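S.K.: Pasting a structure below so you can have a look.
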Amino acid sequence: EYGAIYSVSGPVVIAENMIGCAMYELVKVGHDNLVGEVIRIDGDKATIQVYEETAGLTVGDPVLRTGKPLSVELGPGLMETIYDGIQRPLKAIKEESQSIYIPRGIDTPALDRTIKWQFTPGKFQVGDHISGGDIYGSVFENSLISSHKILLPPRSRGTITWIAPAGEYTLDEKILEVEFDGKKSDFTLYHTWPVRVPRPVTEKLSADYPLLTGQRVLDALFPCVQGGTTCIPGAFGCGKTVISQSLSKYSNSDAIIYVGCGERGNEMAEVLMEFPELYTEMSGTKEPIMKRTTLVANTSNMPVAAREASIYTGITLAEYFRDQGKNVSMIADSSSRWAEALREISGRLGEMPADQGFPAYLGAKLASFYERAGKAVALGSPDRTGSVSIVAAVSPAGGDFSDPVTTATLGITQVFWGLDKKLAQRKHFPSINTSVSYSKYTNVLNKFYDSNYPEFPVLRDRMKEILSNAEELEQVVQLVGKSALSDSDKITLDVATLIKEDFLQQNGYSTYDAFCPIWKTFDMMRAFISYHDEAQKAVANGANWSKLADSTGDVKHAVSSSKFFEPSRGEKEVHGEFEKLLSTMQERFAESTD
Amino acid sequence: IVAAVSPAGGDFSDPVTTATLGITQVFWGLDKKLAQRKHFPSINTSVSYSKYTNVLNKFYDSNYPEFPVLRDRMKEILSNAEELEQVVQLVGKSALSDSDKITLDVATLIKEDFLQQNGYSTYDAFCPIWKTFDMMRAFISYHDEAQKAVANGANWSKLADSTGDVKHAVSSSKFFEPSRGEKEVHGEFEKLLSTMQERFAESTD
Amino acid sequence: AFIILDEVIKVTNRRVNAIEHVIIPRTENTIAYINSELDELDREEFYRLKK
Amino acid sequence: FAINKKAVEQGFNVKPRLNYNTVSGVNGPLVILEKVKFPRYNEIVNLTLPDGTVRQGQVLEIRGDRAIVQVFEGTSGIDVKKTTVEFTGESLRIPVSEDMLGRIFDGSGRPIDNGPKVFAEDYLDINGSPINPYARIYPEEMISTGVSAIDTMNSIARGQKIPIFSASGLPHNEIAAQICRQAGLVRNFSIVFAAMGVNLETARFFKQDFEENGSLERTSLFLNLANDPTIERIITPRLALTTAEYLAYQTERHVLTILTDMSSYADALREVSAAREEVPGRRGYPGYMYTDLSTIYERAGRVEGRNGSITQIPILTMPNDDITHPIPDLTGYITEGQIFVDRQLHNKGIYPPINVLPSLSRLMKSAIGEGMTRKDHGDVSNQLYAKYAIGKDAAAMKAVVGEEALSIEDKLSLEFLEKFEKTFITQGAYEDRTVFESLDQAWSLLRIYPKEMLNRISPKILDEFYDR
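Chains as they are written, first to last, in the numbering used here: chain A, 549 to 1142; chain B, 20 to 224; chain C, 48 to 98; chain D, 3 to 470.
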């Protein structure tokens, strides 16, 4: 019914008269209908967490219940929009209030009402016994968002009674009528879902057909697959943003989700008005990209709880769009900010941190967040499939040992990319520590390798082993200098250097390195492997490696310039150029073996 | 105001020390090995500083305009000393030029003579500003003249062995009685300067 | 050959003898010092939490 | 124009105030009072001491007829019975006009120039206007300072917040003085300064520089000295930021402000939190600096609305020559890069003693290239950084026993580092360094290698600017 504010100790609120309240349900607290969720309940004493800033409040003020946990709207219009952790429209709010700042305690439905949508009726007709998830029609929004599948919410069934014809509708009116035991199942052009419970799926499913990043070092050595996990160390200048743009415009998935947690705002505006000029790299380069992009941003200025809930919002949206039988991927801003906000909430509410100052719930919550990603069978009549992949952004910090959040996250995630300090010192990026980085999708994608480039696996294995041996011997040489060096040792050092200046170097601004498809990487990889083998076999029969290197000469420059081939000038044409280079290379090295 | 600290927690950056340093303009770090070396005052010229010289330059120009420009070189001598000692521990004295040995030895002489208030006497209890300034002048003059003489061509080992008692004279200069009228001491400093410069001139080449 | 070999032997032996007792003890003491620092921080944090 | 006149006319009635008693106890800076009726939140209360002295404080946490108020002017000498409290029913208001420039104010924002009160054109809050993220724009038009190592290796643009790391006894104050004195565009700046817990000599020095420079009429100041009570220190930054925001978004000026010492502010926050019972964070510090520091720094930059611009230069003191400490560690995540001054460089007599390796900037892409600078800038900076790091590594290697494993590149980097420091790094207190001449010096330093090791440079730049 109603309760009275009893005590305020910051964002947390203590309220009385609260009997029969859920462990999680929204409450419009405050005389200005402030949003809030209960956390601790005892007797009639309720502890409410306020998602906005508390100021000017006083004891003895109405408290109104809502009878449902935090939710999120779902339906047409979710695409090409910018929201907060609370789904609240921003451009609409901005253009409505005429101000430069969000008003205190303002409510506005997420999706824009009063917007007509052309609905196409589905196969089902009156009398059919139907359940939730079944696609009972579709709506066309725009290119790359055409045929927005209209769904029935899970846990909803009965028997269709009257479905409206095709036409234009606004997302507030039920057009389907269903009965389980009464005229009590009405569904408009949208639905909602609590942001806590993972949306159920028909059944899990493994993954293959790996992902494309345009980064040779990752795309060839530590790959990832759609409907998979990942761990990204970012340094805001180590190319994280540029690779985000590259994957966004090359995204094999149809739609992508990026969140903002702890963003600095300046970068927020930069990316926000950078996207409007990124071009969709399908059907040519279509100028708009919002048609395949959804963004949620919540800077540090935002209240802590909203930053906490932003990632849940994002993952829920990802689940929904996957459940339309599609390929989508999620882009994480920074998990460290989320962990810090969680620690703040824990401490403020009153707890006993025991990790190093963090609540023990961190591992469990991270796991729960890392169990909504993968490939699974979409629910509904057509019996289709989706996929959800997540990339996690982490900010390494602390001394040379302490890194608890990293230790917890790396325990369950498999696709992990390390960080190399040295390459960063030399301004050389992507700066990825080869030694520590590790993946596991190589074993499963063995099949795709066989189908397409069956020699790739052993090729990369030998390359990696050579690099490892070189980096093992480098420090040994450092403490003793150059002596007792077999020709093979110097061969290994030179080939390693050439590799890490042709493969592990990429600039998002040069026309070439911006994106290197798998075939192009395979081409350079064959070239370099052939180079190392040719040198090794030239010195094998006994020779002066110096003279052999001098005779080779320009071949090194040619294989280096190999990067300067325009991607797919002609896919076979580039391959033809590589074959020409390889033939001349065999000639120049066979004339040198003697 | 002046005060002392008693760092014993296992470091020398304990919160009391940090708070003190946050508001202090003059810092006087102290070593301990010097005590076992019976060297006093046992301060650490390596880790210490002050923030008043900038304004004291006005007073110096009022009375001792030359004074400030000497202390920079004075400290640079020590800086070079501890920059060179490393190779001494590493491979001993094998590639030292004559200039390096000049700097090493003059720094050692400074540490021994000018950096000791040991004992209790007229010269072991107090030192006036002018006497200290004159000692600065003497030390810097000796160093620069030896360096110049070797630069112009002089076997530094031979040059030092020949100059000889210049070191004893300059060292004993401190043993003067401060406050002998500010003239007799001044006259002795002047005659020592003249004698040392003439000796260098004879032995310079 | 005798002259060159004697020179290099002198160099290597001098360096080895140096590294034997000039570099090792410094790190040996530094590790224990840092360990003590960390132990004290652990104890004080534990006391705060128990309070 | 009638809208604002009528808005003010709304606040045109007398509102009676209560007057309480029965302070149920006091503990340190915190006062416990239990008789209140309808206690509000975040309101200022006037306290009349038994001697008739008037002080003010703010409520922290309320409860069933129980409120906790901190005191901005200490707590000594107060009686349970002979003390009274009045409630104003408002958060901390503040008067503002277009005429604070050239006026000096104390920690509590009162005039200390022997002049009259502000007689403000309007009142304002200190925490309001949570700026809408949508309308914000990012910095452009790279801003010039005349300092090479600042404008080249970590070039910055107008409207970008960035702090300065410092430690005991280092020349950061006059560095900021030089910056503000000789800062300008690349082809004027109202200045707001806030002091907190600083020795009087520093404030005197800053005032001397400003009045000497003739910019005193172009600036307003807030002063809070170390001798002043600590609790006041948690207010001055808000006052300064509110002043700057009003002057930018309603007076439409390009404004720069300088926060003075966040170390003392964080310490004071820790102390006030410790007064209450709270599960401490790391090092005992309260577990929620992040929110407060964000609320502090977030105010910055410009918006689509108008021309007014804001720039933050907070100054921080390093406790024990480390960034791992909670204060700098937290500060790192919130701001765009940071400029660093190192101990060794200062002990080397190099001014400014700036170490570039730890320092960096988070926004140059809109502040480099042609149209505003020379296109070479990025490659110049990158190559210089790489060779600096390489020289450092070579020097570290040299320390083992010597040049046992030595290369020509090692010697090359050695002289490069030495000359770089002693010539480029050492900039005098008045040595103006335009971007053009700074780049010319950098290029002259670059003519120390063949055209082979310079891998981080485009061949076009290499050819067109290796020799002329």
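Backbone N, C-alpha and C fix where the C-beta goes; we use that ideal spot for every residue, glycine too.
In the structure shown, what three-state DSSP assignment does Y451/D receive?
M.R.: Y451/D falls in the coil class under three-state DSSP.
S.K.: Can you list, in chain order, the residues of its chain whose CB lies under 6 Å from that of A712/A, leaving out five sequence neighbours each side?
M.R.: Closer than 6 Å at Cβ, skipping near neighbours: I723.
S.K.: Quick one: what's got a C-beta closer than 8 Å to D33/B's C-beta in the same chain, skipping five residues either side?
M.R.: Around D33/B: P26.
S.K.: Would you call the segment 886 to 902 of chain A and the segment 755 to 771 of chain A touching, i.e. three or more CB-CB distances under 8 Å?
M.R.: Contact fails: fewer than three Cβ-Cβ distances are below 8 Å.
S.K.: Looking at the strands, I want to know which residues DSSP matches up with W1093/A.
M.R.: BP columns for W1093/A are empty, so no partner.
S.K.: Per DSSP, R840/A forms a beta bridge with which residues?
M.R.: Answer by DSSP bridge pairing: none, since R840/A is not bridged.
S.K.: Determine, for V403/D, whether the minimum Cβ-Cβ distance to residues of chain B falls below 9 Å.
M.R.: Answer yes: the Cβ-Cβ gap between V403/D and chain B drops below 9 Å somewhere.
S.K.: Which complete beta strand (DSSP E) runs does the segment 610 to 657 of chain A hold, if anything under 3 residues is left out?
M.R.: Counting whole runs of 3 or more residues, the segment 610 to 657 of chain A contains the beta strand (DSSP E) stretches 610 to 613.
S.K.: With 9 Å as the limit, tell me which residues of the segment 617 to 651 of chain A have their beta carbon closer than that to any beta carbon of chain D; keep them in chain order.
M.R.: The residues in question are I630, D632, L638, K639, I641, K642, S645, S647, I648, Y649, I650.
S.K.: Please report how far the alpha carbon of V1028/A lies from the alpha carbon of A407/D, in whole angstroms.
M.R.: Approximately 6 Å, taken between the alpha carbons.
S.K.: If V598/A and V611/A are in contact, beta carbons under 8 Å, what's the gap, nearest whole angstrom?
M.R.: Not a contact, Cβ separation roughly 11 Å.
S.K.: Alpha carbon to alpha carbon, what distance is there between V765/A and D1081/A?
M.R.: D1081/A and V765/A: Cα-Cα distance of roughly 21 Å.
S.K.: Alpha carbon to alpha carbon, how far is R57/D from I80/D?
M.R.: Between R57/D and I80/D, the C-alpha separation is close to 11 Å.
S.K.: Starting from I177/D, follow the alpha helix (DSSP H) in both directions and report where the run begins and ends.
M.R.: Residues 174 to 183.
S.K.: Could you check whether the segment 601 to 610 of chain A touches the segment 625 to 644 of chain A, counting it as contact only if at least three pairs of C-beta atoms, one from each stretch, sit closer than 8 Å?
M.R.: With the cut-off at 8 Å, the segment 601 to 610 of chain A and the segment 625 to 644 of chain A do not touch.
S.K.: Is the CB-CB distance between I708/A and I698/A below 9 Å?
M.R.: Result no, Cβ atoms of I708/A and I698/A do not sit closer than 9 Å.
S.K.: Following the continuous alpha helix (DSSP H) through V204/B, name the residue where it begins and the one where it ends.
M.R.: Residues 203 to 223.
S.K.: Of all Cβ atoms in chain B, is any one closer than 9 Å to the Cβ of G111/D?
M.R.: With 9 Å as the cut-off, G111/D does not count as an interface residue toward chain B.
S.K.: If contact is defined by three or more beta carbon pairs under 8 Å, each pair taking one atom from either stretch, is the segment 1002 to 1010 of chain A in contact with the segment 375 to 385 of chain D?
M.R.: Cβ pair count under 8 Å is below three, so no.
S.K.: Give, in chain order, every residue of the segment 25 to 40 of chain B whose Cβ lies closer than 8 Å to some Cβ of chain D.
M.R.: Of all residues in the segment 25 to 40 of chain B, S32, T37, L40 have a Cβ within less than 8 Å of some Cβ in chain D.
S.K.: Run through chain D and tell me which residues come within less than 9 Å of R95/C, C-beta to C-beta.
M.R.: By Cβ distance, chain D contributes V281, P282, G286.
S.K.: If you compare alpha carbons, which of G339/D, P135/D, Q72/D is closest to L638/A?
M.R.: When each option's Cα is compared against that of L638/A, the closest is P135/D.
S.K.: Taking only three categories from DSSP, how would you classify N48/D?
M.R.: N48/D falls in the strand class under three-state DSSP.
S.K.: Do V936/A and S877/A come within 9 Å of each other at the CB atom, strictly closer than that value?
M.R.: Taking 9 Å as the Cβ cut-off, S877/A and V936/A qualify as a contacting pair.
S.K.: Which partner residues of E63/D appear in the DSSP bridge assignment?
M.R.: In the DSSP output, where bridge partners are listed per residue, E63/D has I70/D.
S.K.: Taking the C-alpha atoms as reference points, what is the distance between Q135/B and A22/B?
M.R.: Going from the Cα of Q135/B to the Cα of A22/B covers about 22 Å.
S.K.: Thinking just about the alpha-carbon of each residue, which of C569/A, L958/A, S1131/A is nearest to the one in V586/A?
M.R.: Ranking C569/A, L958/A, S1131/A by Cα distance to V586/A puts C569/A first.
S.K.: Round the Cβ separation of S192/D and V257/D to the nearest angstrom and send it over; I've been treating them as touching at under 8 Å.
M.R.: 5 Å between Cβ atoms; contact.
S.K.: Buried or exposed: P758/A, going by 16 or more other Cβ atoms within 10 Å of its Cβ?
M.R.: When all chains shown are included, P758/A counts as buried.
S.K.: With a Cβ-Cβ cutoff of 9 Å, do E176/D and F207/D count as a contact?
M.R.: In this structure, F207/D lies closer than 9 Å to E176/D by Cβ.
S.K.: So, do the segment 161 to 170 of chain D and the segment 316 to 329 of chain D have three or more beta carbon pairs nearer to each other than 8 Å?
M.R.: Yes, the segment 161 to 170 of chain D touches the segment 316 to 329 of chain D.
S.K.: Using alpha carbons as the reference points, say which of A594/A, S557/A, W710/A lies closest to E564/A.
M.R.: For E564/A, the nearest C-alpha among the options comes from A594/A.
S.K.: Can you find a CB in chain B that lies within less than 9 Å of the CB of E75/C?
M.R.: Chain B contact via Cβ: absent.
S.K.: At a CB-CB cut-off below 8 Å, which residues of chain B make contact with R61/C?
M.R.: What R61/C touches in chain B: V110.
S.K.: Using a Cβ-Cβ cut-off of less than 8 Å, give me the residues of the segment 581 to 612 of chain A that come near chain D, in sequence order.
M.R.: Of all residues in the segment 581 to 612 of chain A, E601, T602, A603, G604, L605, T606, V607, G608 have a Cβ within less than 8 Å of some Cβ in chain D.
S.K.: Measuring CA to CA, which of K995/A, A1088/A, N991/A is closest to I1039/A?
M.R.: The option with the nearest alpha carbon to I1039/A is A1088/A.
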